[PDB]
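For the first sequence, PDB author numbering assigns the number 381 to the initial residue and increments by one for each residue that follows.
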Amino acid sequence: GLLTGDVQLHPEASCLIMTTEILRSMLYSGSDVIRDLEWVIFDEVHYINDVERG
RNA sequence: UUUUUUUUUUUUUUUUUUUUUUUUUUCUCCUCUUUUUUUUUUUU
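Here is the structure:
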């Protein structure tokens with residue numbers, strides 16, 4: 381599944397690929413998807429130093 | 001000489017029922033005068 385802002389495909393797939401803001405968006409609410417999560421992996425961790433998105 | 005990112009129109013449907021017009025009041029109440037009562041009869 382792809383949860384990009386401008387492309388939404390299979391939002392109920394086993395594997396979801398999304399931008400970072402989506403993860404916090406589904407973490408503010410419950411969304412009952414955190415219960416069946418085994419691995420969550422981040423691809424670019426060097427944005428902790430980002431001045432506006434860190 | 002002005003880059004990068006910020007998801008979206010609630011889920012559900014394959015439940016049983018053996019009655020019958022109406023419907024429920026109003027009180028006792030001084031009748032004035034020629035009479036017995038005429039009468040057959042025939043033409044419809």
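Note that CB positions come from ideal geometry on N, CA and C, so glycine has one too.
For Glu418, no alpha helix (DSSP H) encloses it, and the DSSP letter there is neither H nor E. Looking at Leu389, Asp386, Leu396 and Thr384, the one whose alpha-carbon comes closest to that of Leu417 is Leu396. In this structure, the straight-line span from the alpha carbon of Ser394 to that of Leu382 is close to 11 Å. Rounded to whole angstroms, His426 and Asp412 show a C-alpha spacing of 29 Å.
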